[PDB]
Ligand SMILES: CCCCCCCCCCCCCC(=O)O[C@@H](CO)COC(=O)CCCCCCCC
Ligand SMILES: CCCCCCCCCCCCCC(=O)O[C@@H](CO)COC(=O)CCCCCCCC
Ligand SMILES: CCCCCCCCCO
Ligand SMILES: CCCCCCCCCO
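Chains as they are written, first to last, in my numbering: chain A, 1 to 212; chain B, 1001 to 1106; chain C, 2001 to 2096; chain D, 3001 to 3096; chain E, 4001 to 4219; chain F, 5001 to 5219.
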């Protein structure tokens, strides 16, 4: 069976410059290679067929080249919507096989996070639970750290964090940090604070709310 | 003559997990590869013919895959009776040749 | 002229059915290349004309059986088409 | 119709004997691929029809002599089978 | 219109079986092949098998264990994959794809998320996330909703039934005590809220539940 | 039934020759090829040659020295390999195998152990191994037999003519002063012995000897 090597696995690029994805087959497959794009949580989407033939609806910035064993998918001037995983696939010999995929990452300008804190909802409190949610949105680079404080002292238990992949709309990252407690434990304290530390500022970006 | 490389020569595995034996031919031989099992003091026994085709009497845990130069014999969930030496053999070009063998250890 | 037209229809049917059935027979055999319809049609043509470049050929038993039908029915029917064209050409040699 | 049937039998005999004798001739020559009967039968068919894909062929002197017999007797006999089928088809053109 | 239709999710217990469906629409030809592709979270695309509905012949990836059985029904234009005797290794998204017999996958389904687990189906609780009474308003305001305590994956969150697409983040779920939780955020011009409604729509196909929740300022 | 029958052993002196036989049964076709494969102890399989009995043509591995001559006899359905002018390097197990002309070895003989040596054939002495009078009995009891002073290899040891297969170990022989020695062990429920007989059967094909010895408690 044909092995398709996509190397490198991650492609990091500045906006607007040219980028090339490599696909190499373990033996010659003529021009029987096709390229798919898959965005976060999306289905694969056909970009190029038979190595170089364009598909209706695909932007003209996409092209492909090669024959034999070495194949290239090229994007002229990347933009945020091109952030995705890219797969090649061969149809020369049975069975059809897929490459392992290359991720496109974009190097954009630094951006500080927009921090919002949300106290627990009325509906949630009326049934025992209390979740305090903090959004840290549209920052870059992806390195960030969040710190919860209750009445001025750092809180680490009950904290669950989640990070998005790179955003295909503006090349940023976002993160959520949710501190979940009992309603009684929530009702034994006044001040709730999430603190975000990011390379954009030496001082943390701090958002708070008093329960009382 | 076709050289068949079986690497690694010894395969060490925990019981019940999947194991794969590799056979690589010095040139492309289509699907003309066959696999034999030989237990201590026993005769070789045909397991798979033409790379992937099953043999009557061989447990369904055995399967094979590959074409061209790279070939795999797989056992889903090994058990003690699979302890043996495993050989590949090609029939694409004269003369027929054998791989050097892989030992399965549990 | 009517009989030449019937032979051409039979040839096209053989080429199309051979292309469809070759793909059906060859998919599932690792390493088989006769597995998409456009190039299987090219293969059936190269076989019925007896040219047989060998850029494509079947590797399975049932693919090779399909090949035999394409040879038998397709070489006969292409011979009929060829014979008709040679007869028509010999006519206008006489007409000058 | 009786003569078409006799030609078909001769063709099958040529294909089977050619397949058996090709393997016998080719085994012992390092690198020979025409060395198992099923694919040798595929080779004999590709030769008698003159298609000649060339995925398989003999490399020894006696294998190539076997090939010549398959060409001489097999192309003649396949031509006879082909001629009979073309005659039968030309009949129902007349019958319409 | 969507050319291949797949259910969103299937929960199966370890050792049990499931039948996935792929409903085809648009143009159908005798040369069509339906393919099935498996993708485990954070991994690549893995070819499972193919079937030609006009004849019923199916073929299977020989490099992996055969856990699938493919069938088709020409009347309902629906292809099926029977996955049998499943294990945690079979938890994945399963795509179907259409190929016109010329080698490439022109169209793909949305995929069916299969989770193999002994835990039970649980609908999510959706809670609004509105700013506190002391939060200061910039030129934009951020709102959100909290989707807690569901199983299995996935959920789909939209805002105003899809009309609000820009300024939306939905965070990957985090798994806790056999239950998932995620949040979604939306940014709109602070001029527009609450004079113009903003509402999140949370769908959970494994439990066949769909819920709305309007975000209104705190009293 | 066994489809290819080979003698168990042949002793040949250095520089001498021997003729190995392979008696075929079951279905026979004109497409059949008989192959010969050599295996030295602790080594892999080495293809020697092939003959097509329906015609009598034989071919030989060109990468090794030609020490073999293959013939066949259609009346007795027996293939022969003449090994000539032998050396210590020719000591090995020699298998014959049947191939239906389609490339793979569907069936194999049990192999003939050839030893090239100047030493003489010697039958083994078999001794019982019963527990001492002070050995304590668990839920199982271990018995054995001692096979000493034979040449050449091999011997075959069974217990109760094969009916006792589980709980059996036969150890590889050790060579001493031109004589081999091995032991075989068998474990049976201590409830069953000696009320139910246990007997070892030792066969030595090179000397055409077969011996039984019952294991009885010490007096
Ligand atoms: C039931 C269906 C059976 C027959 C269907 C055949 C479809 C033909 C349409 C071809 C689309 C182009 C394919 C492509 O992009 O690839 C081209 C470049 O790789 C090669 O084209 C080809 O293989 C050439 C087509 C066959 C040769 C013509 C012989 C006529 C007697
Ligand atoms: C004296 C005997 C001479 C003739 C014996 C021929 C035996 C035919 C049975 C084939 C068994 C399948 C082989 C296999 O598993 O391999 C297939 C896949 O590699 C290829 O099959 C083949 O090579 C196709 C067979 C020949 C094409 C048919 C032409 C008919 C006129
Ligand atoms: C492997 C599937 C077999 C398909 C064969 C179609 C009918 C062939 C007639 O020659
Ligand atoms: C090498 C063995 C020769 C076999 C030739 C068979 C007879 C050929 C007749 O053309």
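Where is the CB? At the ideal position from N, CA and C, for every residue including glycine.
Item	Value
8 angstroms Cβ cutoff, residue 5063 of chain F in contact with chain B	yes
Under 9 angstroms from the C-beta of residue 4027 of chain E: neighbouring residues of chain C	None at all; the shortest Cβ gap to chain C is about 16 angstroms.
Distance cut-off 7 angstroms: residue 5032 of chain F Cβ against heavy atoms of ligand 2	no
Local conformation of residue 5059 of chain F per DSSP, three classes	strand
Cβ-based neighbour list, residue 3078 of chain D, same chain, cut-off 7 angstroms, excluding 5 preceding and 5 following	3011, 3048 and 3049
Residue 2089 of chain C in three-state terms, based on DSSP	helix
Neighbour list for residue 3030 of chain D in chain B, Cβ cutoff strictly below 8 angstroms	1001, 1093, 1094 and 1095
is_contact[residue 2038 of chain C, chain E] using C-beta, thresh 8 angstroms	yes
Residues that residue 4057 of chain E contacts on chain C, provided the C-beta gap is smaller than 7 angstroms	2024
C-beta atoms of residue 5004 of chain F and residue 5098 of chain F nearer than 8 angstroms	yes
Any non-hydrogen atom of ligand 3 closer than 7 angstroms to residue 3042 of chain D Cβ	no
Chain C residues whose Cβ lies nearer than 8 angstroms to that of residue 1030 of chain B	2031 and 2059
DSSP state of residue 5213 of chain F mapped onto helix, strand, coil	strand
Chain F residues whose Cβ lies nearer than 8 angstroms to that of residue 1064 of chain B	In chain order: nothing, as chain F lies at least about 12 angstroms away.
DSSP state of residue 3103 of chain D mapped onto helix, strand, coil	Outside the shown range of chain D, which is 3001 to 3096, sits residue 3103 of chain D, and nothing can be said about it.
Identity of the residue in E:4174, E:4158, E:4079 and E:4188 nearest residue 4034 of chain E by Cα	E:4079
Sequence-distant residues of the same chain with beta carbon closer than 7 angstroms to residue 5090 of chain F, five excluded per side	5067, 5083, 5114 and 5116
Outcome for residue 4024 of chain E when other beta-carbon atoms lying within 10 angstroms are tallied against a minimum of 16	buried
Spatial neighbours of residue 2084 of chain C in its chain, beta-carbon cut-off 6 angstroms, leaving aside the 5 residues before and after	2004
Secondary structure of residue 5151 of chain F, DSSP reduced to three states	strand
Under 8 angstroms from the C-beta of residue 1101 of chain B: neighbouring residues of chain F	5044 and 5045
Anticipated Cβ contact below 8 angstroms, residue 5008 of chain F with residue 5154 of chain F, distance rounded	7 angstroms
Buried versus exposed, by CB contacts within 10 Å (16 or more), residue 4120 of chain E	exposed
Proximity to residue 4949 of chain F [Cα-Cα], best of B:1018, B:1048, B:1104 and B:1025	Outside the shown range of chain F (5001 to 5219) lies residue 4949 of chain F, about which nothing can therefore be said.
Beta-carbon spacing of residue 168 of chain A, residue 81 of chain A below 8 angstroms	yes
Candidates F:5092, F:5047 and F:5054: closest to residue 5076 of chain F by CA position	F:5054
Per-residue contacts from residue 3042 of chain D into chain C (C-beta, under 7 angstroms)	2064
Buried versus exposed call for residue 4204 of chain E [16 or more other C-beta atoms within 10 Å across all chains shown]	buried
Sequence-distant residues of its chain with Cβ nearer than 8 angstroms to residue 144 of chain A (five each side left out)	113, 136, 173, 175, 196, 197 and 198
CB contact check: residue 5139 of chain F to chain D, cutoff 8 angstroms	no
CB of residue 5246 of chain F within 8 angstroms of CB of residue 5200 of chain F, strictly	With chain F covering only 5001 through 5219, there is no way to say anything about residue 5246 of chain F.
Those residues which DSSP pairs with residue 3071 of chain D across a bridge	The partner list for residue 3071 of chain D (beta bridge, DSSP) is empty, contrary to what the question assumes.
The region 1031-1048 of chain B / the region 1056-1072 of chain B touching (three or more Cβ pairs under 8 angstroms)	yes
Alpha-carbon to alpha-carbon, residue 5037 of chain F and residue 5016 of chain F	20 angstroms
Cβ-based burial, residue 5138 of chain F [other Cβ within 10 Å; buried from 16]	exposed
Beta-carbon proximity of residue 3030 of chain D to residue 1032 of chain B, cut-off 8 angstroms	no
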